[PDB]
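Form deposited without the named molecule, single chain, as structure tokens, below.
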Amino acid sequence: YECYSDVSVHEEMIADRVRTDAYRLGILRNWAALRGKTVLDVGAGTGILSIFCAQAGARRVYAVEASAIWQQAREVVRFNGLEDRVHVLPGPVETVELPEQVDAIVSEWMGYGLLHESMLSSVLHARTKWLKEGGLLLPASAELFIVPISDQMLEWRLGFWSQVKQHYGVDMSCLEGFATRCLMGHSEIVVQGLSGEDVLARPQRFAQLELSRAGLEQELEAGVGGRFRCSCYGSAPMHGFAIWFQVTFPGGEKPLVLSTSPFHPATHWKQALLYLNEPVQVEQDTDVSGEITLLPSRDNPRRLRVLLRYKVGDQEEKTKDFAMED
């Protein structure tokens, strides 16, 4: 059967060493709590996290996987001789039947912008249904950050048309307006990796999601987020905002943090970019504030929508609402 996408998606995740080592170490550092205990792996994929749990000493791991990759998970487990310790089960976690409640849930559920097409609702469903009172959740929480940015690659693309004269003796500088409207004037969230120098101010946490928190499902439906305020470092053309997340694994010891910040090593999640309609020049101490909400799209409840109200310096407040890139 056709499976190009199957392999590519899992290759990308497992090739993401930042992600995979964070889970590797985040699970292993909890060995004392996992040794001789049971684990549910929500969305086991190739089974890698389930085998990490077994390495950490778990007696039984339930590796639940909804798509066809479950077949590969079964094979990886059998091949590593762990079929008596890791039970790969097909189908959605919402309807899986387990022989027992579990001591722990592990899951990599995070989407682009944390919440775009994420498995969070499934993890919470599984927590409610299958996790023992006082059970371990790995990771245990997630936090969302926002900061104003100047995107060097975007700047290059905006400038491209004025470079045509130098290359080919045809003046196309008149197309800057066009490029700006097309590249910035849309209402789509753009997934792109930034570096530290693109960041124009101190990043601000705008949401914290404690996965054990009661009523988190209802919060996610209504929208998560809040206000933010920061001050710019120097002269720059601000292009908009970047948002990203981190998730935290409890330690034995200090917690382990898997971060997708532009200051930290790159991951496959990159960051989620929210472009203004056009650049705005900022200076040292330019105040930038706003209010942001992440919520389900109307027409597709799995698709991320962002509501943003913002103010840059002395410019009037502006609204720009986004929906995730196709």
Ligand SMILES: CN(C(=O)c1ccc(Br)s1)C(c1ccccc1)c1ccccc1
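For the two forms, the rigid core is made up of the largest set of C-alpha atoms that agree within 1.5 Å on superposition. Note that residue numbering follows the sequence shown and begins at 1. Only residues modelled in both forms are compared.
Enquirer: Mind giving me a quick count class for deposited residues absent from the model between residue 99 and residue 100? Options are none, 1 to 3, 4 to 9, 10 or more.
Expert: In the record, the chain runs straight from residue 99 to residue 100 with none unmodelled.
Enquirer: When the C-alpha temperature factors are averaged for each of 240 to 248 and 159 to 167, which stretch ends up with the higher value in the entry?
Expert: Averaged over C-alpha atoms, the B-factors run higher in 159 to 167.
Enquirer: For the stretches 296 to 304 and 272 to 280, which has the higher mean C-alpha B-factor as given in the deposited record?
Expert: Between 272 to 280 and 296 to 304, it is 296 to 304 that shows the higher mean C-alpha B-factor.
Enquirer: For the CA B factor values reported in this entry, which option in 150, 212, 231, 122 has the top one?
Expert: Checking the PDB record, the top C-alpha B-factor among 150, 212, 231, 122 is at 212.
Enquirer: Highest Cα temperature factor in the entry, among the options 111, 196, 185, 177: which one is it?
Expert: Going by the entry's C-alpha B-factors, 177 comes out highest.
Enquirer: What third of its chain, lowest, middle or highest, does the C-alpha temperature factor of residue 267 fall into?
Expert: Lowest third - that is where residue 267 ends up once the chain's C-alpha B-factors are sorted.
Enquirer: Split into thirds by Cα B-factor across the chain's modelled residues, where does residue 288 land: lowest, middle or highest?
Expert: Lowest third of the chain for residue 288's C-alpha B-factor.
Enquirer: State the tercile, meaning the lowest, middle or highest third, of residue 139 with respect to the CA B-factors recorded for its chain.
Expert: It belongs to the lowest third of the chain when residues are ordered by C-alpha B-factor.
Enquirer: Classify residue 107 as lowest, middle or highest third according to the C-alpha B-factor given in the PDB entry, relative to its own chain.
Expert: Bottom third by C-alpha B-factor.
Enquirer: Can you tell me whether residue 15 has a C-alpha B-factor in the lowest, middle or highest third compared with the other modelled residues of the same chain?
Expert: Its C-alpha B-factor, which the entry lists for residue 15, ranks in the middle third among residues of this chain.
Although it is not shown, the form solved in complex with the named molecule is what the next lines describe.
Enquirer: Can the named molecule, laid in as it sits in the deposited bound form by superposing nearby C-alphas, fit this form, that is, is the pocket open, or is it blocked with 3 or more ligand atoms within 2.4 Å of backbone or C-beta atoms?
Expert: By the 2.4 Å criterion, blocked.
Enquirer: Is there a heavy atom of residue 51 no more than 4.5 Å from a heavy atom of the named molecule in the deposited bound form?
Expert: Output for residue 51 is no: heavy atoms all beyond 4.5 Å of the named molecule.
Enquirer: Can any non-hydrogen atom of residue 74 be found within 4.5 angstroms of the named molecule in the deposited bound form?
Expert: Output for residue 74 is no: heavy atoms all beyond 4.5 Å of the named molecule.
Enquirer: Evaluate residue 282 for contact with the named molecule in the deposited bound form, applying a 4.5 angstroms cut-off between non-hydrogen atoms, and reply yes or no.
Expert: No.
Enquirer: Considering only heavy atoms, tell me if residue 111 and the named molecule come within 4.5 Å of each other in the deposited bound form.
Expert: Judged by the heavy-atom cut-off of 4.5 Å, residue 111 is in contact with the named molecule in the deposited bound form.
Enquirer: Which of these residues, 117, 83, 197, 155, gets a heavy atom within 4.5 Å of the named molecule in the deposited bound form?
Expert: When the named molecule is considered in the deposited bound form, the option within 4.5 Å is 117.
Enquirer: Of these, 138, 201, 236, 243, which has a heavy atom no more than 4.5 Å from the named molecule in the deposited bound form?
Expert: That would be 243.
Enquirer: In terms of non-hydrogen atoms within 4.5 angstroms, which of the given stretches 178 to 186, 130 to 138, 162 to 170, 216 to 224 touches the named molecule in the deposited bound form?
Expert: Of the options given, it is 216 to 224.
Enquirer: Can all three of 28, 34 and 105 be found with a heavy atom no more than 4.5 Å from the named molecule in the deposited bound form?
Expert: Looking in the deposited bound form, the three residues 28, 34 and 105 all stay beyond 4.5 Å of the named molecule (heavy atoms).
Enquirer: Relative to the named molecule in the deposited bound form, which residues of 17 to 33 have a heavy atom no more than 4.5 Å away?
Expert: Contacts from 17 to 33: none.
Enquirer: Picking from 117, 176, 188, 155, which residue has its CA shift by 2 Å or more between the shown form and the other one, once the rigid core of the two forms is superposed?
Expert: Between the two forms, the residue that moves is 117.
Enquirer: Between residue 118 and residue 244, does the Cα distance in the deposited bound form come out closer or farther than in this form, changing by 3 Å or more?
Expert: Between the C-alphas of residue 244 and residue 118, the gap widens in the deposited bound form (3 Å or more compared with this form).
Enquirer: Closer or farther apart in the deposited bound form, the C-alpha atoms of residue 24 and residue 118, for a change of 3 Å or more?
Expert: Note: Cα gap between residue 24 and residue 118 widens in the deposited bound form.
Enquirer: Give the residue ranges, in sequence order, where three or more consecutive C-alphas each shift by 2 Å or more between the shown form and the other one after rigid core alignment.
Expert: In sequence order, the runs that relocate between the shown form and the other one are 112 to 118, 301 to 304.
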